[PDB]
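all I have is the shape, not the residue letters:
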Ligand SMILES: N[C@@H](Cc1ccc(O)cc1)C(=O)O
Ligand SMILES: N[C@@H](Cc1ccc(O)cc1)C(=O)O
């Protein structure tokens, strides 16, 4: 495969940022090892952002000849108080529910889960040489820098925060080097860990990434964070900064289940959630539904998306690019009522294999309900 | 032996503090395991405080039926930038110089080196389950608390301090629980780590100390910190808070080589150092020389300490208790000129076995001169 096609595969939506395209091209040209990974805390049900956005990139990376891996961060979740801070439950959930949920997500997004590596973090955390590297990295990062990085775990620096949470970010950086990751993939809210990884890369003594005598810097690839469906806390949004701050607060990972769609939600649950989603007529600056249409439905724009309607409401209309649908919506040619129903049906059909699997094999969801 | 005699062995000088006598007695009575340890950073010649005071307690503990251990804190020293942060050199020094230096110090203080366990920290730090306990402990301690415990490594919270240094205190606490330590021994400046250890003991999940169904709290035993021989930065010393403050600054571990006596110093170096030592006539509040007389020479009293003088200067005088000597000094009946000379000779004779060893086996000191 030509280098341009490989670079494009890495950069295409939903990726939002690559640090940096230059280093990525460099890695491709020198034949450096191409080891990817994206880590996940283990808590509740997998929402569309977690599953579909990561799944889409994993599929793209595979086609680019990059070795992909899903990292189940158990000790990290334990440190971050998930599942009541019960490590054993976290580990059971990771292996019986999360792993398969991700496989199914990767599958519907066009990737091959059989070719994706799955690592439970403890497989490497239980090794002392891993911790020696945590120390090695930590000697190169100021406490101040670590404190400003805790937002990667959806947390804010607060008085009385336990020390274990400060070790977390250093573990995330160590996870990259200990596994020889050259393609560090994550959602945009994890970028701070990757910025640190890139700056300490060439200073590491035990687990630097070495290729033909040179210490490499891993390439960071961040994908877009899908918005939750709830109405924002303020309206109208009055500044670019407000806009960015609100989107940060409104990301689906912080939404209540009623405003977040899960990969195995029922058709009825999907219709209901889209039904109450924030989607004001003609609004295109802040619109959760359009966000999903852009990043899920038009992931690959050389596509077709039809909204079926009676002639009285405009008749059937097929869009080929997100931009076309967006303008139609902004001009009042496409009503929320019809957009919501089309998105719901599209999702119901895309996620069908996932619902089916969790119906055929009921243990995973039984486990989640018991937690 | 009688529990009263066992308690007294733990309590005898140079012990300065025990947290707590009640828990210690409890441990003796219930027959809980008695595992001691005292850790040391690796970064220089062993001065009298390090060798003699620790050695004296190790000897006392052995007689009380406590299993003693010297913990060589290599990664800790690496983290704390000792020996230029060269872990390799730290490890060679620990095994080739420090270990044997301590063995001989324990021996001159009456302990049996052959019955003392010697553990290189990396022996346990190379184990991931040890780090799981570092995490477990860290979940029960706030960042602010760890920041406040930074003084145990001879540092103060700096604006740009590296993160690894904050991990150090949690490692010290973990070292205790991982080795099943019930008698945590250290100099008074390490007490903060032990107060935390006692606070989290019963909350630990992986390495609590369990005896007959109960989670135990280790007993902390702190020994007196011998002062360096240099004159104070200020004189006279006014307030009591100032007294403590200056003593913390003047402790031998922070003194220049010229104001600290090392276990292998030659007879001439010892005479020279005592000769210039701070020891104001009649001063008994702050006097490095009297400090050494009380904790070294009268470690066990009654004993016999004779100051030889010609009749014109009071003639020979033999003391049996520190109190008698102190009185004679306060009253100007014992002059610094004679006391200093007597302390030097006492030290020269006490340390002879050590000098003889390093004289016959020059490798250790040659290594030290090269670092
Ligand atoms: N910090 C990531 C999870 C993660 C954990 C460890 C890693 O190495 C990578 C990612 C999140 O909150 O989603
Ligand atoms: N902090 C101790 C060294 C030490 C390190 C680790 C321990 O577990 C105990 C002691 C000192 O400065 O001397």
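Good, I have the coordinates. Residues are numbered from 1 along each chain as shown, chains lettered A, B, ... in the order given. Ligands and ions are numbered 1, 2, ... in the order given.

could you give the number of residues near the residue of the stretch 251-371 of chain A found nearest ligand 2?
With CB to the nearest ligand atom, the shortest gap between the stretch 251-371 of chain A and ligand 2 falls at residue A:371, namely 37.4 Å. C-beta: built from backbone N, CA, C; applies to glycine. Residue A:371: 14 surrounding residues under other CB atoms under 10 Å in any protein chain shown.

am I right that it is in contact with residue A:93?
Yes - using CB atoms under 8 Å, residue A:371 is in contact with residue A:93, at 6.5 Å.

from residue A:79, how far out is residue A:99?
20 Å (CB to CB, to the nearest Å).

ok, those two, which is more surrounded?
Taking neighbours as other CB under 10 Å, residue A:99 and residue A:79 compare with residue A:79 leading, 25 against 19.

hey, what's in contact with both of residue A:371 and residue A:93?
The contact sets of residue A:371 and residue A:93 overlap at residue A:83 (CB atoms under 8 Å, 6 or more residues apart in numbering or on different chains).

ok, now which ones touch residue A:248?
So residue A:248 contacts residue A:189 (CB under 8 Å, 6+ apart).

any idea how far residue A:72 lies from residue A:186?
With CB to CB as the criterion, residue A:72 and residue A:186 are 14 Å apart.

ok, the two, which is more surrounded?
A side-by-side neighbour count of residue A:72 and residue A:186, using other CB under 10 Å, places residue A:72 first with 24 against 21.

can you pull the contacts of the more buried one?
A:39-40, A:42, A:94-95, A:98-99, A:118-121.

buried ones among those residues?
Buried by 16 or more other CB atoms under 10 Å in any protein chain shown: A:39-40, A:42, A:94-95, A:98-99, A:118-121, out of the contacts of residue A:72.

just checking the distance from the helix or strand hosting residue A:25 to the centre of its chain.
Residue A:25 is located in helix A:21-29, with elements delineated by DSSP states H and E. In terms of CA atoms, centre = their mean, to the nearest Å, the centre of helix A:21-29 is found 23 Å from the chain centre.

which helices and strands does the very next helix or strand once past it pack with?
Counting by DSSP H and E, the element after helix A:21-29 in chain order, helix or strand, is strand A:36-41. Other helices and strands packing on strand A:36-41, by 3 or more CB pairs under 8 Å, 6 or more residues apart in numbering or on different chains; DSSP states H and E, are helix A:54-63, strand A:69-73, helix A:74-79, helix A:164-178, strand A:183-187.

quick one: which of these is nearest residue B:110?
Nearest to residue B:110 among these is helix A:164-178 (42.5 Å), distances taken as CB to CB.

check contacts around whichever residue of the stretch 101-250 of chain A sits closest to ligand 2.
Closest contact between the stretch 101-250 of chain A and ligand 2, by CB to the nearest ligand atom, is at residue A:135 (13.6 Å). Residues in contact with residue A:135 (CB under 8 Å, 6+ apart) are B:75, B:78-79, B:164, B:167.

for whichever residue of the stretch 201-350 of chain A sits closest to chain B, give its distance to ligand 1.
Proximity of the stretch 201-350 of chain A to chain B (CB to the nearest CB) peaks at residue A:205, 8.9 Å away. Plainly put, residue A:205 is 20 Å away from ligand 1 if you go by CB to the nearest ligand atom, to the nearest Å.

go on, residue A:339?
Remark: distance between residue A:339 and ligand 1 (CB to the nearest ligand atom) = 30 Å.

one step back: tell me which two in the contacts of residue A:135 are the farthest apart.
B:78 and B:167 (11.6 Å).

show me the strands in the stretch 251-371 of chain A, by range?
A:305-307, A:317-319 (DSSP state E, counting those that start in this stretch).
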